[PDB]
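Rule-based calculations on the coordinates, nothing more; no lab input. Neighbour counts are summed over all protein chains in view; Cβ atoms, including those assigned to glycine, are modelled from backbone coordinates with ideal geometry.
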Amino acid sequence: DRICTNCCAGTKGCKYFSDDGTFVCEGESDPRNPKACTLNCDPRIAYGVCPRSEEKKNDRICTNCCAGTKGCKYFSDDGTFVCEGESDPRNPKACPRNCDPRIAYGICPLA
């Protein structure tokens, strides 16, 4: 597509940078506020690197009594068992329990 980006009607959060291997500016227009630049388009830009450095380490405890696995006893960190993961082979179901933080693991029967 056309590289019609601009430092004015950008997206405050991403540091607009140029393909030449050099930075430019940051979005002057936040996806929050309105804007009326009307100039637009700047081939200088390539994209805009939005800083985060914390995207990872969040899913971690994505275990749950609902969408877990039918075979393990999804148990909670509180030192108490919750229930078995009710996620059957190709199970059409998804509770608000998606990645239950309150859980800890899923203790399956050690045969």
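For the chain, what proportion of DSSP beta bridges, expressed in % and rounded to the nearest 5, is antiparallel? Write out the running numbers ahead of the final one.
Numbers: 14 of 15 bridges.
Close to 95 percent.
Starting with the fewest neighbours, write out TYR105, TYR16 ranked by other beta-carbon atoms found within 10 Å of each beta-carbon.
On the way: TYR105 14, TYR16 22.
Placing the least packed residue first, the sequence is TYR105, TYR16.
Quick one: 3J(HN,Hα) in Hz for region 85-93, Karplus 6.51/-1.76/1.60 with θ = phi - 60°, rounded, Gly and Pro as x.
Rounded to whole hertz, the list is x, 8, 7, 7, x, 6, 7, x, 6.
Determine ³J(HN,Hα), in whole Hz, for all residues of region 3-19 in sequence, where each value follows from phi through the Karplus function 6.51 cos²θ - 1.76 cosθ + 1.60 and θ = phi - 60°; x replaces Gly and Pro.
For region 3-19, the Karplus curve yields 7, 7, 8, 7, 5, 7, 8, x, 9, 3, x, 9, 7, 3, 10, 9, 3 Hz.
Go through region 21-33 residue by residue and turn each phi into a ³J(HN,Hα) via Karplus (6.51, -1.76, 1.60, θ = phi - 60°); whole Hz please, and just put x for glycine and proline.
Running phi through 6.51 cos²θ - 1.76 cosθ + 1.60 with θ = phi - 60° gives x, 9, 6, 10, 7, 10, x, 7, 10, 7, x, 5, 8 Hz.
Given H placed on each backbone N at 1.01 Å, which residues far from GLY106 in sequence or on other chains put an amide H within less than 5 Å of it?
For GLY106, whose amide H was placed from the backbone, the distant partners under 5 Å are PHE75.
Under 5 Å between amide H atoms, partner at least 5 residues away or on a different chain: which partners does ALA46 have, H built in plane at 1.01 Å?
Those qualifying (amide H under 5 Å, at least 5 residues apart or on another chain) are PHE17, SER18, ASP19.
Kirkwood hydrodynamic radius (Cα pairs, Å) of the chain?
By the Kirkwood definition, the hydrodynamic radius is 17.7 Å.
Let me know the shape class of region 69-111, please: from the alpha-carbon gyration tensor, a ≥ b ≥ c as square roots of the eigenvalues, rounded when a/c is under 1.5, otherwise prolate if a/b is greater than b/c, or oblate.
Oblate shape, in that a/c is at least 1.5 and b/c is the bigger or equal ratio.
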